[PDB]
Amino acid sequence: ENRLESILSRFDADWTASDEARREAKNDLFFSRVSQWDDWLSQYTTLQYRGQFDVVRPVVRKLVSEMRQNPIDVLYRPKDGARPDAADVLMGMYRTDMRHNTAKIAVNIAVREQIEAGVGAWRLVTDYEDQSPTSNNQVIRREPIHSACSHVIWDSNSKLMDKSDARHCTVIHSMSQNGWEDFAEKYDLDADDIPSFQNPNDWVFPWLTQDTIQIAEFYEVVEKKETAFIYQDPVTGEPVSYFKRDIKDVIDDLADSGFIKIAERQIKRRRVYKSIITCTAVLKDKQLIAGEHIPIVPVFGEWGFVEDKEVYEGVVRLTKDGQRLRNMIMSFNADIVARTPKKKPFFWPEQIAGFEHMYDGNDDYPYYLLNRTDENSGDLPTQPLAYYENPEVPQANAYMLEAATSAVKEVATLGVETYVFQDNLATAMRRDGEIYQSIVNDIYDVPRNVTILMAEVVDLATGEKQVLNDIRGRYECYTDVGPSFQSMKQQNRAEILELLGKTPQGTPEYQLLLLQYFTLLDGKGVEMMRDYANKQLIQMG
Amino acid sequence: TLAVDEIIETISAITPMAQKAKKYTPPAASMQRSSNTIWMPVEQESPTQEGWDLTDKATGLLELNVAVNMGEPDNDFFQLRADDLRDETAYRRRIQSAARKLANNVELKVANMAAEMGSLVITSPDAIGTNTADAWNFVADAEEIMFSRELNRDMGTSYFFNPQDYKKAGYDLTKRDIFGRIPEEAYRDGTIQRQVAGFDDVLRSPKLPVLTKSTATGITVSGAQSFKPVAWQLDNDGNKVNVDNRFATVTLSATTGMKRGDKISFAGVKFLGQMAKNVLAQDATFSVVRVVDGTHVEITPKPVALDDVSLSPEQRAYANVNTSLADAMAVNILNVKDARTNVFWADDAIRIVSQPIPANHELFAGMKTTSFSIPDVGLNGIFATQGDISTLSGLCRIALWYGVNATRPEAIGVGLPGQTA
Amino acid sequence: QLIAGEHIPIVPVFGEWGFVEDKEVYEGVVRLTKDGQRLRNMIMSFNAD
Amino acid sequence: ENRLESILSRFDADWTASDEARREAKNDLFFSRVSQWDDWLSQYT
Amino acid sequence: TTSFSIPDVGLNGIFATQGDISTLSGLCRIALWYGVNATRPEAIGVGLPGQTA
């Protein structure tokens, strides 16, 4: 019956289910970012040479550069039979609030973690902005998630790459003392009650992370049939439907403004709730958040299920054994080079007794003199001069250094190209577009286009708060993947250039050239040229 | 030799009592300073007077309390070795069996605390299958005594049989030579019913204790004793320290053979209707909590007397016994034969105070700590792992902290069939 | 002393930037080559000797 | 409560949090800018 | 281990921590290694008032 007990039981089940892949991914991240000598027992025994002769990092850098050179972003396209430009407003909103640096940074972090460990993630949040709002005095921003493998725990009973069917997800937040104070100020918590949550560290991680505070955010999705009201729009048309939760207030303001109720139906929909939790108590219980989906987008590399058990892999996991063998063999060879007596002669003391200053290393003598006689043996025994053997690299050491390097080279080839990884990123971006569409429908002011203009029908309550009004003809555009454009002006320029690239030199080519000049940026000469193009288009009608 | 990974399942436990017990988690930061104990109030009762002129008869205010504390962690410390193979194939199974055994321990502790601090005692002179409808009679006696005592039962009641008595009840139902719905279900399955004689939850618990008989005999009260309800008292330094309301120490002739959990009844005292303070027809029953010294015993229902002239009215408003001890009353032992005990209570009488172990802290660096939830029971403990020095092995600990408390010992009860001779 | 603007006027540039476990790590190009370069220097010094 | 105390506490938290990376970066800068031989003790002995 | 800066003075030390699995306990250790050196004792001086017999 205890809410915290249920939450903690679900979290424990998911953590235990996903422990193996999480441990592997954490090991891969440590291997690829801190050191390849991930030995936690080295600090106890005596010290020997441990080099790091990297052969995997250049491949990781190459793959990261390849995935960076080809940006991928959402592209909203109108549905079949819908209005031709049903996605212009949503596209404008998406570009406007995704052109910032935070979105690019979060996507890059997720992609790099996808390549290195095997999984990454990012988050979508909404904030109140008063200076430059995207819509309805609000903005939507994409925030990064670092070490998503250990910090994002999904519902274990989910069998989709994008985790669209998962119902709950707990995210572990770690922050400094000042960060926790500001977080408590923002969320109206108590800063004096220090919260704690589990966040295990590897045995090999040597640093402490002093003075950090950990909490968890538990997102859950509940699909239910809620009541919806059917009104009659006084401006134009007749059928409009709204949700009772959305119009709990301004339920009489609609009648005052001119909305007359027609009927009342029950429409099934999803609601997302967030809970702020620690290991002891529930700070925030059921804060309802905007959208129909969990705002967290995971991105995967090689993803699958083995025996009802999730496995994800990047590019470092399969090269670890070969890299470790190569490092060990090179350390052995360097030890051989350093701690090994050099090639010097073997001398009896009586052989050079009295001539010891000739063999020190000077070149002031034409030759070396040796004693010949012993007062008891008559003459010194004749034995050929012996020299200490030179250090050598064993054939086994050379052979397996070569073999380990060759094996890592063979296995560290993603694909032939990163097409599969780019497709996974495209799937993640499609899920991002879905979540963003839901959040926009929940909080932003989406105008409706009429064929008779954009009719923004909204109203304000007695407390001066403005409540959005969104009809149920909202999912008029689906999601696809296209190039990353900072604004629809750039998108239109690119589209016009693409059409020009295929249009032969005729009247359509003249039209497209004039259009490209029309959609140019502004200076002085280019301003004059755009004015000329505008005049030419207007004159041609 | 071809050892397989096909496991042969052998054990399967149930924890109905631990599942039903309410779980309380007081704030850890306050509990650490308060020394793992916290006081909670008791429903106030008000005295009343009759007459027109009440000069200098204005009573004071008395509000009593009970205290709940905790025990010690129940661990499963065990040692790993990564160079073997039998220690690799069995580590996960050890973890699972550790969780199951911890749940078992929690339920056993709940059952033992209930059976040893159950004040209400319902005894029978014979077994359950002797006559007809004796199981229903046994349940209805508990229901009637809890109704007569006017004990709060809003959160629900519960009666836990032992498996032998459950089988006896089913046999009584199935020997009826008629078949409706209750006999049909008691025949096809083993269940008697979900609700019997008023209780809304009649279960069978295989892990109920056996109340060994008491060798005590011929014990009489020494000296007239009056135990006045009180909320606090002055210590040697003058500080006012609280007083628990669920314990009273009496001075008997000799506590020979008495032990924790013995059920007693003084000859002459009776129960009261709590709120109305009407004398009942059933003798008061007490459960000894601790055998202190050789001539004292600590009984869990504090025997406040209605006719005690040494009680101020605000204290007399808490009376639960019609008369006080009288220097000669013989104390009759109610458990004269060994018998496994059925246990009944109101669902808000037993709680499980739980505290976390903050081993996920920075101070415990080098060891890896995780949350670890026990199934069935609603408890969460820690799972910690550390590695040894210069060898591929380590230590693993499954720790978890709880304390079982009976806030209303008068609301819990015990059922003792066959208490003859 | 209040200064102009809304942001901190310091702009950072990073190379290979990431977080391991609540710990920021940034690497350029020289960190990975240090072991091999030091070994080569030591071997050449030994040969000179 | 002291403004200096609060400022120094924040600075101390950041300074200790970002210590290992800072020292490694300083070592890299010295290695690539001054000299690759920083024995010191093994140089003067 | 981690860094641990000492206030007022411009010094840094090592803050180390360890935990025990058997006994659920932990040890923390704040160590500070430094040395005060008087390179010019002929420059360092001392004033002694009231050095009467």
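First chain written, first letter: the chains are A, B, C, D and E, and each begins at residue 1.
Methods note: a residue touches a chain if its C-beta (ideal position, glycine included) is under 8 Å from a C-beta of that chain, and two chains touch if they have at least 3 such contacts.
Chains and their UniProt names: A = Portal protein; B = Major capsid protein.
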Measuring between Cα centroids, which chain is at the maximum distance from subunit C? B
For subunit A (Portal protein), which other chain has the most distant CA centre? B
Look at the interfaces A-B and A-C and say which one is made up of more C-beta pairs in contact. A-B
Would you mind checking which chain's mean C-alpha position lies nearest the centre of all protein C-alpha atoms? A
What is the distance in Å between the mean C-alpha positions of subunit C and subunit E? 30
Between subunit B (Major capsid protein) and subunit C, tell me the centre distance in angstrom, where each centre is the average of that chain's C-alpha atoms. 64
If you average the CA atoms of subunit D and of subunit E, how many Å lie between those two points? 19
Cα centroid separation, subunit C vs subunit D, in Å, comes to 12
Per-residue multi-chain contacts in subunit D, two or more chains: 16-17, 20
Send over the residues of subunit E in touch with two or more other chains. 2, 4, 15, 17
Chains touch one another in the pairs A-B, A-C, A-D, A-E, B-E, C-D, D-E
Residues of subunit E touching subunit D in the complex: 2-5, 7, 15
Which part of subunit A (Portal protein) faces subunit D closely enough to touch in the complex? 176-178, 207, 209-211
Under the definition above, what is the set of subunit A (Portal protein) residues touching subunit E in their complex? 206-210
Considering the complex alone, what residue numbers of subunit C touch subunit A (Portal protein)? 16, 18-23, 25, 32, 35-36, 39, 42-43, 46
Can you check the complex and tell me which residues of subunit E touch subunit B (Major capsid protein)? 17-22, 24, 26-28
